[PDB]
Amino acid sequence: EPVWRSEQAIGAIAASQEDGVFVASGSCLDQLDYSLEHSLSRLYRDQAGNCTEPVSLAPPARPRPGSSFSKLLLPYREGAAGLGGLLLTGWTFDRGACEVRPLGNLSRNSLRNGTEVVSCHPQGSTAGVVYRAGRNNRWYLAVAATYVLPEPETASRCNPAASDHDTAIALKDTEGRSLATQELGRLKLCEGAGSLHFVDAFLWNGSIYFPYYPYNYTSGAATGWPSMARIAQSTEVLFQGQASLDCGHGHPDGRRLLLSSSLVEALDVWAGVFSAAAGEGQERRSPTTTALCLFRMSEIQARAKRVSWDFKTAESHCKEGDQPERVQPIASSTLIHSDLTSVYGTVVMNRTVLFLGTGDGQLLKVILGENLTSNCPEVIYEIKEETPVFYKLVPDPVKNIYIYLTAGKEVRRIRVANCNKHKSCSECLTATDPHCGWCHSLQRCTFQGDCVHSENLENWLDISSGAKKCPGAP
């Protein structure tokens, strides 16, 4: 399988539909081909040449959120031909600047750019997503970041102005100058609550969702329950609610850190990898510290109330009222594991497929059955060096059979399943993996694309038909 290495740790990874795979390591962005061997173009954001981390970041506890220079990498306007692809590239450089660029060649010039769009702190969180809103249905960017953090020297001081000291989520107009944010286009943080660490940002049902959790960056501990904020998909901020995520199932002390986030679009179910504290070094490790939980988005929407707890509201101060409602993650769909760090979920034939990353470099795969019940995970790939997997697992937009595995300074192109390992029809269809099927003409278990199809014959036997439908069936 293909592999790409960098001199610096990878901070962000995103794959364009038609244009190459974009990867950001130190202070540079690389446009790689889908085969991960040819760098089509590069972007020296800090200084021409040297991509060495202008500074140095010490990767804390494996459960603690990491530090990075790249804060935002989002390809957009790539659905169909006629408009042209655009790319949003954000960083900690220039007070958390973000620029809009032509999706493709990095040597080209950026169209618009603005400062204070993203968190200027290397360890500060940032999660953004592009959406459509307004009369003309224009493109807007919604960004949630930890903009304010305790900083000593005023020579570097990048914290936003006093009027913007409490801003948590901000809406930007992509066509507007400096990616302008309007007066009523921001959600503010409730004071004294400490800091909020945003994990992801996604669109679902007319609203934008922001998975996060209260986090003290100084002490390195979670000061609350992991939650999700909901806002309407509009030009101005309309707070719709806040709900806590409960995934402390197999753990006696509970799990307060959300490490990875993935929305299963065809299922309307959100997948999250939760974890408890690891002592500090990696002390309190246990076969129950991390877990995978699936939440019904309709339950999140229903339980998210416009109460002021982590965010300021109109007729409520802060924490002087009702508490946020908790949401349960679908029983028996939970996967308790010792060290999970990343997740990506999709629906193949009709079954829910979940890819999991671990702290020792394993890429696991879980296929849900009847009632979204979880089976025993299959190890699809293992990293030689045992490098913990990056919290973002990116699928291949061109080939459905591939998934990009990122860890440390390496990006690999991994096949979603090992079909050829099976050498019998029954032996292969009992495995119940929607990606694999018995190809009658070649007498091998393969992907749908590896087997020749014809309308007059049934050459590729899928899982839905059953193992009993094999030619030799007892």
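Sequential numbering from 1, following the sequence displayed.
- Task: Between 446-454 and 10-18, point out the one with the higher average CA B-factor as the PDB entry records it.
- Result: Mean B over CA atoms: larger for 446-454.
- Item | Average Cα temperature factor in the PDB entry - higher stretch of 385-393, 271-279 | Looking at the record's C-alpha B-factors, the answer is 271-279.
- At the C-alpha atoms, which of 433, 46, 410, 33 reaches the highest B-factor in this entry? Top of the list by C-alpha B-factor: 46.
- Query: From 228, 81, 117, 127, which pick has the Cα B-factor that tops the rest in the entry?
  - Reply: Reading the PDB entry, the winner on C-alpha B-factor is 81.
- Split the chain's modelled residues into thirds by Cα B-factor; is residue 167 in the lowest, middle or highest one? Its C-alpha B-factor belongs to the lowest third of this chain's values.
- For residue 66, return the chain-relative third of its C-alpha B-factor as stated in the PDB record: lowest, middle or highest. Middle third by C-alpha B-factor.
- Item | Within-chain third of residue 357 by Cα B-factor, per the entry | Its C-alpha B-factor belongs to the middle third of this chain's values.
- Considering only modelled residues of the same chain, in which third does the CA B-factor of residue 75 rank: lowest, middle or highest? Answer is lowest: the recorded C-alpha B-factor places it there.
- Quick one: classify residue 365 as lowest, middle or highest third of the chain based on its Cα B-factor. Residue 365: CA B-factor falls in the lowest third of its chain.
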